[PDB]
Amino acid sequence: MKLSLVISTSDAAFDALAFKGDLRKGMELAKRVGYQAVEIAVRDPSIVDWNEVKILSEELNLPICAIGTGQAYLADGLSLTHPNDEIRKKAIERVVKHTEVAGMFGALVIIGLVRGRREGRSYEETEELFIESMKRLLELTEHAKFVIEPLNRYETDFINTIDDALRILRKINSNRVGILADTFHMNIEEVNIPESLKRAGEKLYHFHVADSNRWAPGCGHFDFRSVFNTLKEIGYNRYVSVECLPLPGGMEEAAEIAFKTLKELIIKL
């Protein structure tokens, strides 16, 4: 099992210097604390100089293990299930650009809010549209790997649980799509989190950790012990990525507290 840190970056649109500054600050922080990789989130990769990012990654010996895409939905309204097929196509085209970046870094592409919501429709239709978009993404890419992140009810009404995602993976039928489980979201949506992770098993490709209040792991009341016992049981050996609010005490303090909590859990199994 490896540890990574999600770093927040300003949109490069906008303020290219701020994006670069944020990225370097976050990566230097991750390296200093001891993380083995970083995870990023970008709205539109077409406006970032990725050759410069590669140089930074090489300088710090810090791979980028995953790329989030949710700002494509929140800022730009792009959805893989949008009722307007024109926007659906634009969403697929945007995510293809994320996969081009992912290929440079060997990173996973996260399918979170970019999948879109039910918007008054049946779950069944929303699911069918989603599966069609994912199959198109697989046809459009030769190497990209995707992970679906179930999100809680306040963020979406489409794919709230690990079981929701597993049903979809069975329909897509590709080993290039797996599951990203997130402890903050699971704390709300999953009945029994160890049982949910056992059901995911080999399909668990990536893991987000934050405590119950989405603070650094250790600063709420989430039972990480049972979770890491289960991760060992199912042989999980990929990334555990800290995705938390900069609390308590700021981005640096939170990253340090998270790392310490997680290191102790990992080494004692």
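We number the residues from 1 along the sequence you see.
Higher mean CA temperature factor, per the PDB entry, when comparing 31-39 with 48-56: 48-56. When 14-22 is weighed against 246-254, 14-22 comes out higher, by mean CA B-factor as recorded in the entry.
When the Cα B-factors of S212, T69, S241, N61 are read from the PDB record, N61 comes out highest.
Comparing the listed residues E190, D157, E139, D85, the entry records the largest Cα B-factor for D85. Annotation for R176: C-alpha temperature factor in the lowest third relative to the rest of the modelled chain, per the entry. Among the modelled residues of its chain, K135 has a C-alpha B-factor that falls in the middle third, as given in the PDB entry. Sort the modelled residues of the chain by CA B factor and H206 lands in the lowest third. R199: CA B factor in the highest third of modelled residues in this chain (values from the PDB entry). The PDB entry assigns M104 a C-alpha temperature factor belonging to the highest third of its chain's modelled residues.
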